[PDB]
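Colleague: Attaching a single structure in structure tokens format; questions to follow.
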Amino acid sequence: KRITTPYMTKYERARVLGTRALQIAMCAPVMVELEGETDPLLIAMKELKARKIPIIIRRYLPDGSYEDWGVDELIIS
Amino acid sequence: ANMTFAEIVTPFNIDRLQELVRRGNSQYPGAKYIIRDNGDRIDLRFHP
Amino acid sequence: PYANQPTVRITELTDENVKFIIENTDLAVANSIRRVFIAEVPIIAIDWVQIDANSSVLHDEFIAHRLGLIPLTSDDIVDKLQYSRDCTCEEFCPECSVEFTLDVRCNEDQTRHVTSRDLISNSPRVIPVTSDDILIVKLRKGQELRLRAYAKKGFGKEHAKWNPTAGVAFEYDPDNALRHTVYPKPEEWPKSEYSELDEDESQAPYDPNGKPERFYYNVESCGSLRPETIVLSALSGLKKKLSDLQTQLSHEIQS
Amino acid sequence: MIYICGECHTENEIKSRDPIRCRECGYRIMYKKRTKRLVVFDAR
Amino acid sequence: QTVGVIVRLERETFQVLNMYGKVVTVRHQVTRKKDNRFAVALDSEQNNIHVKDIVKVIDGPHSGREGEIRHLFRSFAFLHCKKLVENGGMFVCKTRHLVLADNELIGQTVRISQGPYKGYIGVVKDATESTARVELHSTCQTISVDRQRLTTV
Amino acid sequence: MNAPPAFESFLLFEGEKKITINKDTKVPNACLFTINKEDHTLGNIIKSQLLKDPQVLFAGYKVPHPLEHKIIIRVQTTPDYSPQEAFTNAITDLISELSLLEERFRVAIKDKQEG
Amino acid sequence: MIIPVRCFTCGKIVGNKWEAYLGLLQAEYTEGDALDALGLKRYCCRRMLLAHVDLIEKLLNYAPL
Ligand SMILES: [Zn+2]
Ligand SMILES: [Zn+2]
Ligand SMILES: [Zn+2]
Numbered sequence: 050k051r052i053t054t055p056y057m058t059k060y061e062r063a064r065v066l067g068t069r070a071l072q073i074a075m076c077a078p079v080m081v082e083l084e085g086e087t088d089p090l091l092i093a094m095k096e097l098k099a100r101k102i103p104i105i106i107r108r109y110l111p112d113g114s115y116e117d118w119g120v121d122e123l124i125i126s
Numbered sequence: 386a387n388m389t390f391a392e393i394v395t396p397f398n399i400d401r402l403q404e405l406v407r408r409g410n411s412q413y414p415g416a417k418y419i420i421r422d423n424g425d426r427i428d429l430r431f432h433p
Numbered sequence: 002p003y004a005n006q007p008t009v010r011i012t013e014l015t016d017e018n019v020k021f022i023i024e025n026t027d028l029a030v031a032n033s034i035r036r037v038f039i040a041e042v043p044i045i046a047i048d049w050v051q052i053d054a055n056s057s058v059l060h061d062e063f064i065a066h067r068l069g070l071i072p073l074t075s076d077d078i079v080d081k082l083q084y085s086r087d088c089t090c091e092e093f094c095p096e097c098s099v100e101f102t103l104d105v106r107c108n109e110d111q112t113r114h115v116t117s118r119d120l121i122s123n124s125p126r127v128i129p130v131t132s146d147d148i149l150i151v152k153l154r155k156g157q158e159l160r161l162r163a164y165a166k167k168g169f170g171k172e173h174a175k176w177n178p179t180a181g182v183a184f185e186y187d188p189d190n191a192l193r194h195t196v197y198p199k200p201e202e203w204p205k206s207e208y209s210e211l212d213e214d215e216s217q218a219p220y221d222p223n224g225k226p227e228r229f230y231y232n233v234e235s236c237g238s239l240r241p242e243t244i245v246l247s248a249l250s251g252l253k254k255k256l257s258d259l260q261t262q263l264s265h266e267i268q269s
Numbered sequence: 015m016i017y018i019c020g021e022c023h024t025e026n027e028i029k030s031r032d033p034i035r036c037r038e039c040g041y042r043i044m045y046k047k048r049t050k051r052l053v054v055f056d057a058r
Numbered sequence: 545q546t547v548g549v550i551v552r553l554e555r556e557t558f559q560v561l562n563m564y565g566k567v568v569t570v571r572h573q575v576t577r578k579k580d581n582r583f584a585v586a587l588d589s590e591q592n593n594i595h596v597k598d599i600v601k602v603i604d605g606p607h608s609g610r611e612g613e614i615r616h617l618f619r620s621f622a623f624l625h626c627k628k629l630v631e632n633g634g635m636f637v638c639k640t641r642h643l644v645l646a702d703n704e705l706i707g708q709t710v711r712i713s714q715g716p717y718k719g720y721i722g723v724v725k726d727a728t729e730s731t732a733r734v735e736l737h738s739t740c741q742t743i744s745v746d747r748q749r750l751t752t753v
Numbered sequence: 001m002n003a004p005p006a007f008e009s010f011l012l013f014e015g016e017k018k019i020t021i022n023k024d025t026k027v028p029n030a031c032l033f034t035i036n037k038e039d040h041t042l043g044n045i046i047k048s049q050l051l052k053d054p055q056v057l058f059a060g061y062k063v064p065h066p067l068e069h070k071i072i073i074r075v076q077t078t079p080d081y082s083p084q085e086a087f088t089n090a091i092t093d094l095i096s097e098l099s100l101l102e103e104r105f106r107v108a109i110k111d112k113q114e115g
Numbered sequence: 001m002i003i004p005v006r007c008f009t010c011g012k013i014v015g016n017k018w019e020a021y022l023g024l025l026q027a028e029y030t031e032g033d034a035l036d037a038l039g040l041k042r043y044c045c046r047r048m049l050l051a052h053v054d055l056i057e058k059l060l061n062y063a064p065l
């Protein structure tokens, strides 16, 4: 029962896109079929729209505890 | 021409970045440095 | 579905300027014609300049800039001449250039005037247009000025020194029948030299179905070229540009 | 090399280890002679 | 003609062991050579060997010993060995008796004899195999041109 | 120092085509002619000439940036007519008009000289 | 300092008329009459000779060096 919001904050979007773009730039496997793209940023955005990025967000609650979220679990807006 | 950005070599941009390295600092667009994984900095205005 | 049949009427002809009227034509053609007058009627101007020695009060590039704006009589020679960057030569040759030499040694306490008269071409077909004459620089006793220059084919778009016209007066619809402009108080405005409105009115009645026509031109030459030569070379150059564009478009479509 | 005295225009050569002085005026300002290298100008 | 490796540091001299294997005593004022740590040498069995590589000596006066390469020459290699108490463990053997266990155009007044920049004069700042930078005397810029487009004054 | 070479304001440098064609996908019979190293001199006159033809449903041009020297001309004609055909007919009409104007201007010069 | 070769706006030659403008001023021509005599009608060119200061006369007083 994750009490936090099911939405992706803009900061989470920024960090996950940047990190996955850097991963793709480091010759990582791409969990979506590209369509002739070369920029890691566009490929990361395509994966985000596909909801196919393997990152797990860990939101630290202020009481020291935390919640864990799959990117596909959150609502991408 | 002076200010620069660091692009990581990948199998997609290897051709484009190779051509940029070939051009060097003289022409625009070009490049200044190759940073291999060892950390050695090959400056692209003195080593043809 | 075809271009108009223009008719020409030269109202005034002089060797420094010319005034004419083009009728049965579109506005865009007239605007492009004046643009070609200023921009793409090529002439010959002193461009390349080697200073063998300078001792005037004025630094060198000032003198080179002054020599650049000297007009030159290039009525016929500019056609057979060619652009230097296109011609095959080491630096310069008669097929694409004309050499000039200048050397004045003032050893007289009276003031000296290095003028356009002192320019010495190696071909008499091109000279300074004044040859009173244009002052280039004043010299004192003890001051020399020695140099050799080269003049080459170019047009005004590349640099204004190749601009052959000293101003192109243009007009159309002098009565403002089309009402392309809106005078807030038409009573205040002077009448053009072509306007037929008598001195009790200020605008012709607004013609709805009108179209721009009766384009009045007054082309003033610097004297580097004769005005009729300027207009003829303008039309020739614009035709050349459009023919080249047609050639490239045909090659593109065939490809 | 060759230098011009700043007062009486006396052209004169000066060594690399002698203080400057006009050879006929005693003046103590010298100007370098113009370069003998090819200099060209586009009139633009 | 001969390099040397310091094998003992003293008050006013260096004990230096050379390529010949001869220990000498020299003054403080020998010159420091630029070491080439990426130099490649061949052992006695056509195996590439670099510095810090443990190599056995199968031939030569020091045959039977095994040492770590520390410096290289065209045909010599210096081996360190902690067990050997001689010259701080440093000796030398020939490389074939081991086994692994500026453009002239620069600053030249030039003249563009071909291309859109024809007529002008400049000075070559940088030069390459194909192109060369020229500071243009005429305008307040420097640009690069093919060497074919240049003609020296 | 970054002032451009002005002589490279009208000269095609190497690897540059004078004109290229791109069939726009939004509307049928619509083409975009991108011409390099040109300005309003050809764009305005060609736009007017294309507007003269009734078979040309739409004709216009723009310059994407004044410092650059691309001009992009959009041409749309009826669905029985090529836009390239309209472009070529417009160029031929303009060239014929300017040749006629040259002839008449020479005649007028001679008339004013004798007169 | 020296007279410009051409009017900046329109481009008519003016470098062969400053000395003549001075000479006609010595004839006590009104300045407008002088400029009309030299064929300068558009005020772009009239600005040139009306507003030019010829400092070169004050600069030649020094030594030629
Ligand atoms: Zn030639
Ligand atoms: Zn002296
Ligand atoms: Zn003016």
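Chains as they are written, first to last, in the authors' numbering: chain F, 50 to 126; chain A, 386 to 433; chain C, 2 to 132, 146 to 269; chain L, 15 to 58; chain Z, 545 to 573, 575 to 646, 702 to 753; chain K, 1 to 115; chain J, 1 to 65. Just so you know, even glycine gets a beta-carbon here, dropped at the ideal spot from N, CA and C.
(1) In the stretch 218-234 of chain C, which residues sit with their C-beta less than 8 Å from some C-beta in chain Z, listed in chain order?
(2) Out of K:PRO83, K:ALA6, K:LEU98, which has the shortest C-alpha to C-alpha gap to C:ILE267?
(3) Would you check if the stretch 556-568 of chain Z and the stretch 180-192 of chain C touch, i.e. whether three or more CB-CB distances between them fall below 8 Å?
(4) What does J:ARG46 pair with, by DSSP beta-bridge criteria?
(5) Hey, how far is the Cα of A:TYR413 from the Cα of C:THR89?
(6) In chain order, what residues of the same chain have a beta carbon less than 7 Å from the beta carbon of C:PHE21, not counting five sequence neighbours either side?
(7) Which runs of the beta strand (DSSP E), 3 residues or longer, sit entirely within the stretch 596-622 of chain Z?
(8) Specify the secondary structure class of F:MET94 as computed by DSSP and reduced to three states.
(9) From what residue to what residue does the alpha helix (DSSP H) around A:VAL406 run?
(10) Work out the CA separation of C:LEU256 and K:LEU100 for me, nearest whole Å.
(11) Any heavy atom of ligand 3 inside 7 Å of the beta-carbon of J:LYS12?
(12) Can you grab the Cα-Cα spacing for the pair A:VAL394 / F:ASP88, in whole Å?
(13) Please list the residues of the stretch 703-727 of chain Z that have a C-beta atom closer than 8 Å to any C-beta atom in chain L, keeping them in chain order.
(14) Distance, Cα to Cα, Z:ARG555 vs Z:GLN573?
(15) Counting only Cβ pairs nearer than 9 Å, list the residues of chain L close to C:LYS175.
(16) Name the one or two DSSP bridge partners that Z:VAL549 has.
(17) Pull every residue with its beta-carbon under 7 Å away from any heavy atom of ligand 2, and keep them in chain order.
(18) Is any heavy atom of ligand 3 found at a distance shorter than 7 Å from the C-beta of C:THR179?
(19) I want to see whether chain C comes within less than 8 Å of Z:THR576, judged by CB atoms only; does it?
(20) Could you give the C-beta distance for Z:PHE636 and Z:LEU624, rounded to a whole number, given that I count them as a contact under 8 Å?
(21) Would a check of beta-carbon distances place K:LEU100 closer than 8 Å to chain Z?
(22) If C:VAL99 sits next to C:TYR164, beta carbons under 8 Å apart, how far is it from one beta carbon to the other, in whole angstroms?
(23) Could you tell me the distance, in whole angstroms, from the CA atom of Z:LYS718 to the CA atom of C:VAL233?
(24) Just to confirm, is the Cβ distance from K:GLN55 to K:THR77 under 8 Å?
(25) State the start and end residues of the unbroken beta strand (DSSP E) segment that holds C:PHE101.
(26) Scan the stretch 154-173 of chain C for residues whose Cβ lies nearer than 7 Å to a Cβ of chain L and list them as they occur along the chain.
(27) Using the Cα positions of J:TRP18 and J:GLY39, report the straight-line distance between them to the nearest angstrom.
(28) Could you list which residues in chain C have their beta carbon closer than 9 Å to that of Z:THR751, in chain order?
(29) Out of curiosity, what's the CA-to-CA distance linking Z:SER744 and K:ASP24?
(30) Say yes only if the C-beta of C:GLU96 is nearer than 7 Å to one or more non-hydrogen atoms of ligand 4, and no if none qualify.
(31) Can you find a heavy atom of ligand 3 that lies under 7 Å from the Cβ of J:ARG47?
(32) Using three-state DSSP, classify K:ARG106 as helix, strand or coil.
(33) Counting contacts by CB-CB distance shorter than 8 Å, is L:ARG51 in contact with chain Z?
(34) Beta-carbon of C:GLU266 versus every beta-carbon of chain K: anything under 8 Å?
(35) If you draw a straight line from the alpha carbon of Z:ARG641 to that of Z:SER589, how long is it in whole angstroms?
(36) Could you tell me how far apart the beta carbons of C:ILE45 and C:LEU73 are, in whole angstroms, since I believe they sit closer than 8 Å?
Modeller: Let's see:
(1) none
(2) K:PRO83
(3) no
(4) Bridge partners of J:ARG46: none, in fact.
(5) 29 Å
(6) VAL9, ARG10, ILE11, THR12, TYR231
(7) 599-602, 611-617
(8) helix
(9) 399-408
(10) 15 Å
(11) yes
(12) 12 Å
(13) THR709, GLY719, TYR720, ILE721
(14) 13 Å
(15) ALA57, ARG58
(16) Z:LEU561
(17) L:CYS19, L:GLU21, L:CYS22, L:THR24, L:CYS36, L:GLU38, L:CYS39, L:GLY40, L:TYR41
(18) no
(19) no
(20) 6 Å
(21) no
(22) 7 Å
(23) 33 Å
(24) yes
(25) 99-107
(26) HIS173
(27) 13 Å
(28) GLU91, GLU92
(29) 38 Å
(30) Ligand 4 is not part of this structure, which contains only ligand 1, ligand 2 and ligand 3.
(31) yes
(32) helix
(33) yes
(34) yes
(35) 4 Å
(36) 5 Å
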